[PDB]
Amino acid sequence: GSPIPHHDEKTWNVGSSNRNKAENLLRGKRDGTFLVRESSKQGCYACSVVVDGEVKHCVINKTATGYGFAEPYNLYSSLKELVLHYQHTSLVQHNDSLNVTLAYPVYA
């Protein structure tokens, strides 16, 4: 049951994987399946998540106060802390199209 798989960062952190690789990994997976990867936008990370059967990509910013999707929520000290927050909190607060949580690590 617990601990949830998100605690093993290897289940969702796919390092320097590009967009096309991410889409290949998420193809056919259920809603809420996700990964975290480096972005083509240097200095940034990206979250790729299945929403309504489709893969969406969101930038993760790193700032002096922490990682986050947008001000004033760039509050997390590590990517793991971010992931754990959004495992229980829907991304809809940032965009009404994203009604999903980070529920299922791609490799759990």
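All residue numbers refer to positions in the sequence shown, first residue = 1.
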Subject >> Mean C-alpha temperature factor, higher of 25-33 and 75-83 >> reply: 25-33
Subject >> Of 11-19 and 90-98, the stretch whose C-alpha atoms average the higher B-factor in the entry >> reply: 90-98
Subject >> Relative C-alpha B-factor of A103, binned into the chain's lowest, middle or highest third >> reply: lowest
Subject >> CA B-factor placement of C47, once the chain's modelled residues are sorted into thirds >> reply: lowest
**OP:** Sorting the chain's modelled residues by C-alpha B-factor, tell me whether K56 ends up in the lowest, middle or highest third.
**Re:** middle
